[PDB]
C-alpha cells in the first residue's frame, strides 16, 4: 500500500511482550526472531503471537501493526468499531467489515483472506 511505505517505523523493543524472552529464547527455550510493531515498537515471537510460518513470512515484509495498534487498511481509522475489525489470515492487515470490498454485514466464517490477498 502507498500509505504503508510512508509511515516511519518505531524503534523495536528486543523483548517479547508475551514471554519476556529475547531472540535467543522463546517459550520452548529455542532461538526465534521477534517481529515488532511499526507503530509502538513492542515485539513478539511469532510462536507467542500464534502466527503460522506462512503468515510470519508475509508480515515480516509488511509494515505490521500489533493487535492494539492495528488500523483499518481502507479508512486508516480504528474508531468505535475497532474491536470488530477483521484481521487477514494471509497478511494480518485489518479491515472494518463495512470497509471491505464488497462490504460485509456479518462476520466471515473460518479463515478469512482480505481483498488485497485474494486473487
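Positions refer to the first chain, counted from 1. In this text, rigid core is short for the largest set of C-alphas that superpose within 1.5 Å between two forms.
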When the other structures are laid on this one by the rigid core, do the CA atoms of 26-34 or of 82-90 sit farther away in 7 other deposited structures of this protein?
82-90
Overlaying the structures in 7 other deposited structures of this protein on the rigid core, point out which of 101-109 and 15-23 has the bigger RMS C-alpha shift.
101-109
Can you let me know which of the two, 109-117 or 4-12, has the higher average C-alpha B-factor in the entry?
4-12
Would you tell me which stretch averages the higher CA B-factor in the PDB entry, 63-71 or 81-89?
81-89
Peak C-alpha temperature factor (PDB record), options 46, 41, 31, 94
31
With respect to C-alpha B-factor, does residue 36 fall in the lowest, middle or highest third of the chain as deposited?
lowest
